[PDB]
>>> print(open('input.cif').read())   # mmCIF, N, CA and C atoms
data_final
loop_
_atom_site.group_PDB
_atom_site.id
_atom_site.type_symbol
_atom_site.label_atom_id
_atom_site.label_comp_id
_atom_site.auth_asym_id
_atom_site.auth_seq_id
_atom_site.Cartn_x
_atom_site.Cartn_y
_atom_site.Cartn_z
ATOM 1 N N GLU A 56 176.614 84.087 148.114
ATOM 2 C CA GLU A 56 175.638 83.371 148.931
ATOM 3 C C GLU A 56 174.529 84.300 149.405
ATOM 4 N N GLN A 57 174.876 85.550 149.729
ATOM 5 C CA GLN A 57 173.884 86.511 150.182
ATOM 6 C C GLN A 57 172.868 86.799 149.094
ATOM 7 N N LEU A 58 173.316 86.963 147.847
ATOM 8 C CA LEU A 58 172.365 87.170 146.757
ATOM 9 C C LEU A 58 171.523 85.921 146.508
ATOM 10 N N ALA A 59 172.156 84.743 146.546
ATOM 11 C CA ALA A 59 171.431 83.503 146.288
ATOM 12 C C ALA A 59 170.318 83.289 147.307
ATOM 13 N N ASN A 60 170.610 83.509 148.590
ATOM 14 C CA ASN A 60 169.574 83.442 149.612
ATOM 15 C C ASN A 60 168.670 84.667 149.607
ATOM 16 N N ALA A 61 169.150 85.798 149.090
ATOM 17 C CA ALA A 61 168.404 87.042 149.127
ATOM 18 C C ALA A 61 167.313 87.100 148.080
ATOM 19 N N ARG A 62 167.392 86.281 147.034
ATOM 20 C CA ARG A 62 166.229 86.147 146.157
ATOM 21 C C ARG A 62 165.006 85.688 146.953
ATOM 22 N N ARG A 63 165.148 84.581 147.688
ATOM 23 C CA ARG A 63 164.055 84.100 148.528
ATOM 24 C C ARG A 63 163.805 85.026 149.712
ATOM 25 N N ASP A 64 164.851 85.679 150.223
ATOM 26 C CA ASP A 64 164.665 86.641 151.304
ATOM 27 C C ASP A 64 163.812 87.820 150.852
ATOM 28 N N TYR A 65 164.009 88.285 149.618
ATOM 29 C CA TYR A 65 163.192 89.365 149.080
ATOM 30 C C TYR A 65 161.775 88.891 148.796
ATOM 31 N N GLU A 66 161.617 87.638 148.364
ATOM 32 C CA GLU A 66 160.270 87.084 148.237
ATOM 33 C C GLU A 66 159.547 87.091 149.584
ATOM 34 N N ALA A 67 160.236 86.645 150.639
ATOM 35 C CA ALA A 67 159.642 86.634 151.972
ATOM 36 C C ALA A 67 159.400 88.049 152.485
ATOM 37 N N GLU A 68 160.284 88.987 152.143
ATOM 38 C CA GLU A 68 160.085 90.379 152.528
ATOM 39 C C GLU A 68 158.862 90.969 151.841
ATOM 40 N N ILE A 69 158.644 90.619 150.572
ATOM 41 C CA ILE A 69 157.438 91.053 149.874
ATOM 42 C C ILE A 69 156.202 90.461 150.536
ATOM 43 N N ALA A 70 156.277 89.188 150.935
ATOM 44 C CA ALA A 70 155.152 88.572 151.638
ATOM 45 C C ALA A 70 154.874 89.270 152.967
ATOM 46 N N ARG A 71 155.929 89.594 153.719
ATOM 47 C CA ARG A 71 155.759 90.291 154.991
ATOM 48 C C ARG A 71 155.204 91.695 154.784
ATOM 49 N N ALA A 72 155.650 92.380 153.729
ATOM 50 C CA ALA A 72 155.100 93.690 153.404
ATOM 51 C C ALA A 72 153.626 93.586 153.042
ATOM 52 N N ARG A 73 153.244 92.529 152.322
ATOM 53 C CA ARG A 73 151.833 92.310 152.018
ATOM 54 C C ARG A 73 151.029 92.069 153.290
ATOM 55 N N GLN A 74 151.586 91.300 154.229
ATOM 56 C CA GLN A 74 150.900 91.072 155.501
ATOM 57 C C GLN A 74 150.738 92.372 156.284
ATOM 58 N N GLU A 75 151.786 93.198 156.316
ATOM 59 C CA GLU A 75 151.700 94.487 156.996
ATOM 60 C C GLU A 75 150.690 95.401 156.314
ATOM 61 N N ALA A 76 150.639 95.364 154.981
ATOM 62 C CA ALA A 76 149.644 96.135 154.246
ATOM 63 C C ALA A 76 148.235 95.666 154.577
ATOM 64 N N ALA A 77 148.043 94.352 154.705
ATOM 65 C CA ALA A 77 146.740 93.828 155.098
ATOM 66 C C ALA A 77 146.359 94.291 156.499
ATOM 67 N N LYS A 78 147.322 94.291 157.424
ATOM 68 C CA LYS A 78 147.047 94.776 158.775
ATOM 69 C C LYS A 78 146.683 96.258 158.769
ATOM 70 N N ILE A 79 147.411 97.060 157.991
ATOM 71 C CA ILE A 79 147.120 98.487 157.905
ATOM 72 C C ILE A 79 145.756 98.718 157.270
ATOM 73 N N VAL A 80 145.410 97.918 156.259
ATOM 74 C CA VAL A 80 144.103 98.032 155.622
ATOM 75 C C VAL A 80 143.000 97.664 156.603
ATOM 76 N N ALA A 81 143.229 96.641 157.429
ATOM 77 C CA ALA A 81 142.249 96.280 158.447
ATOM 78 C C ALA A 81 142.065 97.402 159.461
ATOM 79 N N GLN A 82 143.167 98.018 159.896
ATOM 80 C CA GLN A 82 143.064 99.135 160.833
ATOM 81 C C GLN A 82 142.319 100.311 160.212
ATOM 82 N N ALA A 83 142.627 100.629 158.952
ATOM 83 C CA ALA A 83 141.942 101.720 158.269
ATOM 84 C C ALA A 83 140.462 101.412 158.087
ATOM 85 N N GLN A 84 140.132 100.158 157.772
ATOM 86 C CA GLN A 84 138.734 99.767 157.628
ATOM 87 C C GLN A 84 137.993 99.875 158.952
ATOM 88 N N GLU A 85 138.634 99.477 160.053
ATOM 89 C CA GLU A 85 138.006 99.621 161.363
ATOM 90 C C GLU A 85 137.770 101.089 161.702
ATOM 91 N N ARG A 86 138.761 101.944 161.435
ATOM 92 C CA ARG A 86 138.592 103.371 161.694
ATOM 93 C C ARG A 86 137.484 103.961 160.830
ATOM 94 N N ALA A 87 137.423 103.560 159.558
ATOM 95 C CA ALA A 87 136.386 104.059 158.663
ATOM 96 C C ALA A 87 135.005 103.576 159.089
ATOM 97 N N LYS A 88 134.906 102.331 159.557
ATOM 98 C CA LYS A 88 133.633 101.826 160.062
ATOM 99 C C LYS A 88 133.199 102.587 161.306
ATOM 100 N N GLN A 89 134.147 102.897 162.195
ATOM 101 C CA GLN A 89 133.820 103.705 163.367
ATOM 102 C C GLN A 89 133.343 105.094 162.959
ATOM 103 N N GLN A 90 134.009 105.703 161.975
ATOM 104 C CA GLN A 90 133.591 107.019 161.499
ATOM 105 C C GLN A 90 132.204 106.966 160.869
ATOM 106 N N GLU A 91 131.925 105.918 160.090
ATOM 107 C CA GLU A 91 130.607 105.772 159.480
ATOM 108 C C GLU A 91 129.530 105.572 160.537
ATOM 109 N N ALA A 92 129.828 104.781 161.572
ATOM 110 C CA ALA A 92 128.877 104.603 162.663
ATOM 111 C C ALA A 92 128.626 105.916 163.392
ATOM 112 N N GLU A 93 129.681 106.705 163.611
ATOM 113 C CA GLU A 93 129.511 108.012 164.241
ATOM 114 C C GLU A 93 128.661 108.933 163.374
ATOM 115 N N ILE A 94 128.874 108.902 162.058
ATOM 116 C CA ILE A 94 128.082 109.730 161.150
ATOM 117 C C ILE A 94 126.621 109.300 161.173
ATOM 118 N N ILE A 95 126.373 107.989 161.203
ATOM 119 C CA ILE A 95 125.002 107.487 161.259
ATOM 120 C C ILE A 95 124.338 107.892 162.570
ATOM 121 N N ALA A 96 125.080 107.816 163.677
ATOM 122 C CA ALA A 96 124.540 108.244 164.963
ATOM 123 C C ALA A 96 124.227 109.736 164.961
ATOM 124 N N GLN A 97 125.105 110.543 164.361
ATOM 125 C CA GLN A 97 124.844 111.975 164.255
ATOM 126 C C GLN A 97 123.607 112.247 163.409
ATOM 127 N N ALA A 98 123.445 111.506 162.310
ATOM 128 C CA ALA A 98 122.257 111.664 161.478
ATOM 129 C C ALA A 98 120.994 111.285 162.241
ATOM 130 N N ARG A 99 121.053 110.206 163.025
ATOM 131 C CA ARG A 99 119.899 109.808 163.826
ATOM 132 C C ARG A 99 119.573 110.854 164.885
ATOM 133 N N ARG A 100 120.602 111.424 165.517
ATOM 134 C CA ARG A 100 120.374 112.479 166.501
ATOM 135 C C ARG A 100 119.759 113.710 165.852
ATOM 136 N N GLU A 101 120.232 114.070 164.656
ATOM 137 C CA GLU A 101 119.640 115.189 163.929
ATOM 138 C C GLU A 101 118.190 114.899 163.566
ATOM 139 N N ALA A 102 117.893 113.655 163.184
ATOM 140 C CA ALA A 102 116.517 113.275 162.882
ATOM 141 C C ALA A 102 115.628 113.401 164.113
ATOM 142 N N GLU A 103 116.119 112.946 165.267
ATOM 143 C CA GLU A 103 115.346 113.063 166.499
ATOM 144 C C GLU A 103 115.128 114.525 166.875
ATOM 145 N N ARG A 104 116.163 115.354 166.723
ATOM 146 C CA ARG A 104 116.022 116.777 167.009
ATOM 147 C C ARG A 104 115.016 117.432 166.069
ATOM 148 N N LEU A 105 115.049 117.064 164.787
ATOM 149 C CA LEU A 105 114.094 117.612 163.831
ATOM 150 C C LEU A 105 112.672 117.186 164.167
ATOM 151 N N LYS A 106 112.489 115.926 164.571
ATOM 152 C CA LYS A 106 111.162 115.466 164.971
ATOM 153 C C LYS A 106 110.667 116.217 166.202
ATOM 154 N N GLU A 107 111.547 116.429 167.184
ATOM 155 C CA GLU A 107 111.161 117.184 168.372
ATOM 156 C C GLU A 107 110.804 118.624 168.019
ATOM 157 N N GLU A 108 111.578 119.242 167.124
ATOM 158 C CA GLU A 108 111.279 120.606 166.701
ATOM 159 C C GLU A 108 109.952 120.673 165.957
ATOM 160 N N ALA A 109 109.668 119.674 165.119
ATOM 161 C CA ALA A 109 108.387 119.636 164.420
ATOM 162 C C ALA A 109 107.232 119.478 165.399
ATOM 163 N N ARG A 110 107.404 118.632 166.419
ATOM 164 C CA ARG A 110 106.366 118.481 167.436
ATOM 165 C C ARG A 110 106.148 119.784 168.200
ATOM 166 N N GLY B 5 235.081 74.565 133.844
ATOM 167 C CA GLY B 5 234.342 73.504 133.187
ATOM 168 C C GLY B 5 233.970 73.829 131.753
ATOM 169 N N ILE B 6 234.703 73.243 130.809
ATOM 170 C CA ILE B 6 234.466 73.445 129.379
ATOM 171 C C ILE B 6 234.365 72.057 128.753
ATOM 172 N N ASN B 7 233.139 71.555 128.611
ATOM 173 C CA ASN B 7 232.903 70.246 128.017
ATOM 174 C C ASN B 7 231.585 70.248 127.254
ATOM 175 N N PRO B 8 231.601 69.927 125.956
ATOM 176 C CA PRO B 8 230.337 69.925 125.197
ATOM 177 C C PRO B 8 229.300 68.963 125.748
ATOM 178 N N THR B 9 229.729 67.801 126.248
ATOM 179 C CA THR B 9 228.783 66.853 126.828
ATOM 180 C C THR B 9 228.117 67.429 128.069
ATOM 181 N N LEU B 10 228.895 68.096 128.925
ATOM 182 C CA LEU B 10 228.322 68.720 130.113
ATOM 183 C C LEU B 10 227.333 69.814 129.735
ATOM 184 N N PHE B 11 227.664 70.613 128.718
ATOM 185 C CA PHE B 11 226.748 71.655 128.263
ATOM 186 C C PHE B 11 225.457 71.056 127.718
ATOM 187 N N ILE B 12 225.561 69.967 126.951
ATOM 188 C CA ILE B 12 224.368 69.325 126.405
ATOM 189 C C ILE B 12 223.500 68.766 127.527
ATOM 190 N N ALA B 13 224.125 68.129 128.521
ATOM 191 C CA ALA B 13 223.367 67.598 129.649
ATOM 192 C C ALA B 13 222.684 68.715 130.428
ATOM 193 N N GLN B 14 223.388 69.829 130.640
ATOM 194 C CA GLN B 14 222.790 70.963 131.336
ATOM 195 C C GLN B 14 221.613 71.529 130.553
ATOM 196 N N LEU B 15 221.746 71.620 129.228
ATOM 197 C CA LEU B 15 220.643 72.106 128.403
ATOM 198 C C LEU B 15 219.439 71.174 128.479
ATOM 199 N N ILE B 16 219.678 69.860 128.467
ATOM 200 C CA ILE B 16 218.576 68.904 128.558
ATOM 201 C C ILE B 16 217.869 69.024 129.903
ATOM 202 N N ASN B 17 218.643 69.126 130.987
ATOM 203 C CA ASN B 17 218.043 69.292 132.308
ATOM 204 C C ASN B 17 217.261 70.597 132.394
ATOM 205 N N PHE B 18 217.793 71.664 131.792
ATOM 206 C CA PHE B 18 217.088 72.940 131.776
ATOM 207 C C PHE B 18 215.774 72.833 131.015
ATOM 208 N N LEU B 19 215.770 72.115 129.889
ATOM 209 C CA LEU B 19 214.533 71.939 129.131
ATOM 210 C C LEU B 19 213.498 71.150 129.927
ATOM 211 N N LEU B 20 213.934 70.096 130.623
ATOM 212 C CA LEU B 20 213.004 69.323 131.443
ATOM 213 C C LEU B 20 212.420 70.178 132.566
ATOM 214 N N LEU B 21 213.277 70.944 133.247
ATOM 215 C CA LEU B 21 212.792 71.842 134.288
ATOM 216 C C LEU B 21 211.869 72.906 133.714
ATOM 217 N N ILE B 22 212.123 73.342 132.479
ATOM 218 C CA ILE B 22 211.262 74.324 131.832
ATOM 219 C C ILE B 22 209.882 73.738 131.576
ATOM 220 N N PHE B 23 209.821 72.476 131.145
ATOM 221 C CA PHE B 23 208.522 71.828 130.960
ATOM 222 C C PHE B 23 207.772 71.701 132.284
ATOM 223 N N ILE B 24 208.482 71.313 133.347
ATOM 224 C CA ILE B 24 207.843 71.196 134.659
ATOM 225 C C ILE B 24 207.302 72.550 135.109
ATOM 226 N N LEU B 25 208.108 73.602 134.949
ATOM 227 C CA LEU B 25 207.663 74.944 135.304
ATOM 228 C C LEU B 25 206.519 75.409 134.415
ATOM 229 N N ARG B 26 206.481 74.955 133.161
ATOM 230 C CA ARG B 26 205.365 75.286 132.284
ATOM 231 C C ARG B 26 204.066 74.708 132.819
ATOM 232 N N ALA B 27 204.096 73.448 133.257
ATOM 233 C CA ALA B 27 202.903 72.868 133.875
ATOM 234 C C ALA B 27 202.519 73.618 135.149
ATOM 235 N N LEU B 28 203.516 73.938 135.981
ATOM 236 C CA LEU B 28 203.242 74.637 137.235
ATOM 237 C C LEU B 28 202.610 76.002 136.985
ATOM 238 N N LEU B 29 203.106 76.731 135.984
ATOM 239 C CA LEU B 29 202.545 78.037 135.657
ATOM 240 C C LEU B 29 201.181 77.914 134.991
ATOM 241 N N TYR B 30 200.966 76.853 134.207
ATOM 242 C CA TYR B 30 199.656 76.634 133.604
ATOM 243 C C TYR B 30 198.592 76.445 134.674
ATOM 244 N N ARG B 31 198.942 75.774 135.771
ATOM 245 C CA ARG B 31 198.007 75.688 136.893
ATOM 246 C C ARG B 31 197.659 77.057 137.474
ATOM 247 N N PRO B 32 198.624 77.930 137.776
ATOM 248 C CA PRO B 32 198.279 79.225 138.389
ATOM 249 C C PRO B 32 197.411 80.111 137.513
ATOM 250 N N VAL B 33 197.563 80.037 136.188
ATOM 251 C CA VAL B 33 196.718 80.835 135.301
ATOM 252 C C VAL B 33 195.259 80.424 135.449
ATOM 253 N N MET B 34 195.002 79.114 135.489
ATOM 254 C CA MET B 34 193.643 78.630 135.702
ATOM 255 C C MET B 34 193.116 79.058 137.065
ATOM 256 N N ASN B 35 193.963 78.996 138.099
ATOM 257 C CA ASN B 35 193.522 79.426 139.425
ATOM 258 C C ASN B 35 193.117 80.899 139.424
ATOM 259 N N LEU B 36 193.938 81.750 138.801
ATOM 260 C CA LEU B 36 193.638 83.178 138.755
ATOM 261 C C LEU B 36 192.371 83.455 137.955
ATOM 262 N N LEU B 37 192.193 82.756 136.829
ATOM 263 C CA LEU B 37 190.981 82.934 136.036
ATOM 264 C C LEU B 37 189.744 82.540 136.832
ATOM 265 N N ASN B 38 189.821 81.429 137.571
ATOM 266 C CA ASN B 38 188.696 81.015 138.402
ATOM 267 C C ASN B 38 188.383 82.058 139.468
ATOM 268 N N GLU B 39 189.419 82.608 140.109
ATOM 269 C CA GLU B 39 189.194 83.628 141.132
ATOM 270 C C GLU B 39 188.515 84.862 140.544
ATOM 271 N N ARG B 40 188.994 85.321 139.384
ATOM 272 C CA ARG B 40 188.401 86.499 138.755
ATOM 273 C C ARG B 40 186.950 86.246 138.364
ATOM 274 N N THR B 41 186.667 85.069 137.798
ATOM 275 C CA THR B 41 185.297 84.743 137.418
ATOM 276 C C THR B 41 184.384 84.695 138.636
ATOM 277 N N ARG B 42 184.868 84.116 139.739
ATOM 278 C CA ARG B 42 184.067 84.066 140.957
ATOM 279 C C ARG B 42 183.763 85.464 141.476
ATOM 280 N N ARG B 43 184.763 86.351 141.472
ATOM 281 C CA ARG B 43 184.531 87.716 141.937
ATOM 282 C C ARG B 43 183.508 88.436 141.062
ATOM 283 N N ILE B 44 183.626 88.285 139.739
ATOM 284 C CA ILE B 44 182.690 88.946 138.830
ATOM 285 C C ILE B 44 181.274 88.427 139.050
ATOM 286 N N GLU B 45 181.127 87.106 139.188
ATOM 287 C CA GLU B 45 179.808 86.527 139.416
ATOM 288 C C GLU B 45 179.212 87.014 140.729
ATOM 289 N N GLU B 46 180.033 87.100 141.780
ATOM 290 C CA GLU B 46 179.540 87.594 143.063
ATOM 291 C C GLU B 46 179.045 89.031 142.948
ATOM 292 N N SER B 47 179.808 89.888 142.262
ATOM 293 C CA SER B 47 179.393 91.279 142.105
ATOM 294 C C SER B 47 178.079 91.378 141.334
ATOM 295 N N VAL B 48 177.960 90.615 140.243
ATOM 296 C CA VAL B 48 176.741 90.658 139.439
ATOM 297 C C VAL B 48 175.544 90.182 140.254
ATOM 298 N N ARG B 49 175.722 89.097 141.015
ATOM 299 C CA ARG B 49 174.631 88.575 141.830
ATOM 300 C C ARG B 49 174.200 89.582 142.888
ATOM 301 N N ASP B 50 175.165 90.245 143.535
ATOM 302 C CA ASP B 50 174.819 91.248 144.538
ATOM 303 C C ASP B 50 174.023 92.394 143.923
ATOM 304 N N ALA B 51 174.457 92.881 142.756
ATOM 305 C CA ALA B 51 173.735 93.968 142.100
ATOM 306 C C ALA B 51 172.309 93.548 141.752
ATOM 307 N N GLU B 52 172.155 92.341 141.199
ATOM 308 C CA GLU B 52 170.826 91.862 140.830
ATOM 309 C C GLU B 52 169.925 91.731 142.053
ATOM 310 N N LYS B 53 170.466 91.205 143.157
ATOM 311 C CA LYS B 53 169.671 91.054 144.371
ATOM 312 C C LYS B 53 169.219 92.406 144.909
ATOM 313 N N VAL B 54 170.118 93.394 144.910
ATOM 314 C CA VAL B 54 169.751 94.724 145.399
ATOM 315 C C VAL B 54 168.636 95.316 144.543
ATOM 316 N N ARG B 55 168.772 95.207 143.218
ATOM 317 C CA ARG B 55 167.748 95.750 142.329
ATOM 318 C C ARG B 55 166.401 95.069 142.552
#
>>> encode(input="input.cif", output="structure tokens")
Amino acid sequence: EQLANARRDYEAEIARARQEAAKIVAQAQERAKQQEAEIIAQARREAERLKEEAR
Amino acid sequence: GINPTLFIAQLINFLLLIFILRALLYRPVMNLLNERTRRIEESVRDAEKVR
């Protein structure tokens, strides 16, 4: 009985693992977006500093 | 007790009881085979599920 129900249990476990993978991918994407925003802000600050130095 | 008729009757009764016991033993062989098949199927199913 455990194997008979465990076929579907393993299907559901694969689905839950896929959901957890999606959550982890969302967290990684949010962290990467934050890092990209920080890099863009640093580039803008460097641009402003370069403009001030040129002036 | 030394009587050919009594010996023949005893042999006939023994043969009838032997047939009854043959049916009774034929049932237990099927029961044991079913139990063994169920155990083998359970083991195979468990291995497949784990894999």
>>> resolve_selection(input="input.cif", expression="the PyMOL selection byres ((chain A) within 6.5 of (chain B))", output="MDAnalysis selection string")
chainID A and resid 58:59 61:62
>>> axis_aligned_box(input="input.cif", around="region 80-84 of chain A", padding_each_side="4 Å", output="AutoDock Vina command-line options")
--center_x 141.7 --center_y 99.0 --center_z 158.2 --size_x 15.4 --size_y 13.4 --size_z 13.2
>>> atom_distance(input="input.cif", atom1="atom C of residue 92 (chain A)", atom2="CA of residue 74 (chain A)")
27.9 Å
>>> atom_distance(input="input.cif", atom1="CA of residue 41 (chain B)", atom2="CA of residue 56 (chain A)")
15.1 Å
>>> atom_distance(input="input.cif", atom1="atom N of residue 108 (chain A)", atom2="atom C of residue 96 (chain A)")
16.0 Å
